[PDB]
2 protein chains.
Amino acid sequence: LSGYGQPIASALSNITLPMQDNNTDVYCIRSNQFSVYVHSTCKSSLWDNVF
Amino acid sequence: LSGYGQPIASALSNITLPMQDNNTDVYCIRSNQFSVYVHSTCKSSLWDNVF
Ligand SMILES: *[C@@H]1O[C@H](CO)[C@@H](O)[C@H](O)[C@H]1NC(C)=O
Ligand SMILES: *[C@@H]1O[C@H](CO)[C@@H](O)[C@H](O)[C@H]1NC(C)=O
């Protein structure tokens, strides 16, 4: 929450790709067909970046 | 001063914005009118990156 009183989204938000070759930062499609989905979670802090 | 004798500007130059919400990296406007000013300073080094 900003000082003005409005929500501010942190730049410390994280993105988690599916596991592939012992990593979660690159994902390459290796099948014939695929679908994509987004699952989101939310957490709050108090200016100390401890969610 | 470079080895050729010419002035070189360091990438370790710093920019400081006004303080807002316990930070000086993001400053935004929360009033009806604003003005902007730039205040500059210069320091010298000797290839040791110590000014
Ligand atoms: C990938 O991770 C597994 C599980 O931790 C590990 O046992 C394995 O050695 C890793 N594979 C390779 C080829 O390094
Ligand atoms: C901002 O930082 C000060 C210390 O300079 C601290 O006392 C204060 O609680 C912080 N503000 C908030 C809203 O947590």
Side-chain angles (χ1 to χ4, degrees), chain A residues 1-5 7-43 47-51, chain B residues 1-45 47 50-51:
Chain A
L1 202 81
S2 97
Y4 220 46
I8 304 290
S10 175
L12 303 186
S13 308
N14 295 309
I15 306 179
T16 302
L17 292 181
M19 262 270 318
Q20 181 179 80
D21 289 26
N22 281 351
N23 282 288
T24 42
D25 47 350
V26 186
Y27 194 88
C28 285
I29 310 296
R30 290 174 183 175
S31 64
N32 286 313
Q33 290 105 23
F34 72 98
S35 298
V36 281
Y37 311 90
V38 180
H39 157 241
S40 44
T41 87
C42 194
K43 274 191 315 302
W47 290 8
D48 45 345
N49 307 317
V50 161
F51 310 95
Chain B
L1 224 38
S2 65
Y4 228 45
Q6 302 170 341
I8 296 317
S10 176
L12 298 179
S13 312
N14 296 310
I15 307 178
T16 304
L17 305 177
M19 163 69 58
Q20 199 180 59
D21 297 359
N22 277 349
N23 271 298
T24 44
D25 53 358
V26 181
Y27 187 92
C28 319
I29 307 150
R30 286 169 185 166
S31 56
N32 289 309
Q33 292 92 27
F34 68 96
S35 292
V36 278
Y37 309 93
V38 176
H39 165 53
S40 177
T41 319
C42 205
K43 292 297 179 180
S44 294
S45 184
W47 292 10
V50 171
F51 307 98

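In each ligand, atom 1 is the first atom listed, and ligand 1 is the first ligand listed. Chain letters run A, B, ... following the sequence lines, proteins first and then strands; every chain starts at 1.
Partners of B/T41 by side chain to side chain contact (heavy atoms under 4.5 Å, CB included), not counting sequence neighbours, listed by chain and number: B/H39. Scanning for side chain to side chain contact (heavy atoms under 4.5 Å, CB included) contacts around B/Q6 gives B/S2, B/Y4, with sequence neighbours left out. Under the side chain to side chain donor-acceptor pair (under 3.5 Å) criterion, A/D21 pairs with A/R30, not counting sequence neighbours.
Under 4.0 Å from any atom of ligand 1, one finds heavy atoms of residues A/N22.
The structure places CD1 of B/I8 at 12.5 Å from OG of B/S45, a figure rounded to the nearest 0.5 Å. We find the CG-OH distance between A/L17 and A/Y27 to be 9.5 Å, quoted to the nearest 0.5 Å.
Put simply, A/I29 and A/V36 are part of the same group of oily side chains (I, L, V, M, F, W, Y) that touch within less than 4.5 Å, one to the next.
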